[PDB]
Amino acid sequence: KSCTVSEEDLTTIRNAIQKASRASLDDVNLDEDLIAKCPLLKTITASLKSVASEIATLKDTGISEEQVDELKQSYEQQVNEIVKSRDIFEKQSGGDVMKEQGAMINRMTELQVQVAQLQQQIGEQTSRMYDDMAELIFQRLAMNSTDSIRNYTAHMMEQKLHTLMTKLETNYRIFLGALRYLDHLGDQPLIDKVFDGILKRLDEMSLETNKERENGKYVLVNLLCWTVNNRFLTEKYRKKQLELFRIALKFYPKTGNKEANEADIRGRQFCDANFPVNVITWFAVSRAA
């Protein structure tokens, strides 16, 4: 494709980016005629919408209202920085009077870069907050260390692990934060028990609604990612290999639908290994036969 933008349409794009930064953070709505002459704008539109959805997802979490407000200000301040960019939106002056960066495709490319970097920046910010939220869950449930779980009976340990799973599973970013928290803590007896608790939840949870299947798929796929390149966790996978095969075929039953299932699995991964796809669509399908 090619991108052409008229002088007045660039002004319209600038205001639409401003409007998506403040208050309700609504979808950037632009005329289709304008989008057609420059399909790059779909990418920019989708990126700002993703950050808005991610911020809204933070609200329906146990995060401090101060924390969410502080993140909303950072997002708005950073979009305002893009809006004030003379390289993107304002007329060339002085030295760059007839530089090539004044052409539309170059202005829009720099807009793509700054919005992509904004998305990465906000992503790193929310990742830290999901780290904190995950840690708070372990602390509130009094299972943040080997010492805290040492004196739990088997029945109590099972009960704590179930409660933990019901809190981690509803938001995969919280689940990822829990794995990062356990990794940094380096408390292996706790990792051992959390692995057992994840498996038990995956083996028994209800799957009646789409929300439950989505929650379970993210947990299953990223539990497998968690074992990659880790001897202790790979050893845990090895011993419970057959149970994970049963779990994989429950979430991904249409074995003959290899291509669609693989695309679904890779879209939920946060490692880059083939291992989750291989377990679910290859190993488990071969063992059942």
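Quick note: we count residues from 1 along the sequence shown, nothing fancier.
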> Which of the two stretches, 195 to 203 or 145 to 153, shows the higher mean Cα temperature factor in the record?
Replying inline: 145 to 153
>> Tell me which stretch, 68 to 76 or 120 to 128, has the higher mean Cα B-factor listed in the entry.
In response: 68 to 76
> Which is it among 173, 91, 160, 180: the one with the largest CA B-factor in the entry?
Replying inline: 91
>> Just to confirm, going by the entry's C-alpha B-factors, which of 36, 220, 263, 233 comes out highest?
In response: 36
> For residue 59, does the deposited CA B-factor place it in the lowest, middle or highest third of the chain?
Replying inline: highest
> By the record's CA B-factor, is residue 216 among the lowest, middle or highest third of residues in the chain?
Replying inline: lowest
> Taking the C-alpha B-factors as the PDB entry records them, is residue 250 in the lowest, middle or highest third of its chain?
Replying inline: middle
>> Quick check on the deposited entry: does the C-alpha B-factor of residue 108 sit in the lowest, middle or highest third of its chain?
In response: middle
>> For the chain shown, is the CA B-factor of residue 241 in the lowest, middle or highest third of its modelled residues?
In response: middle
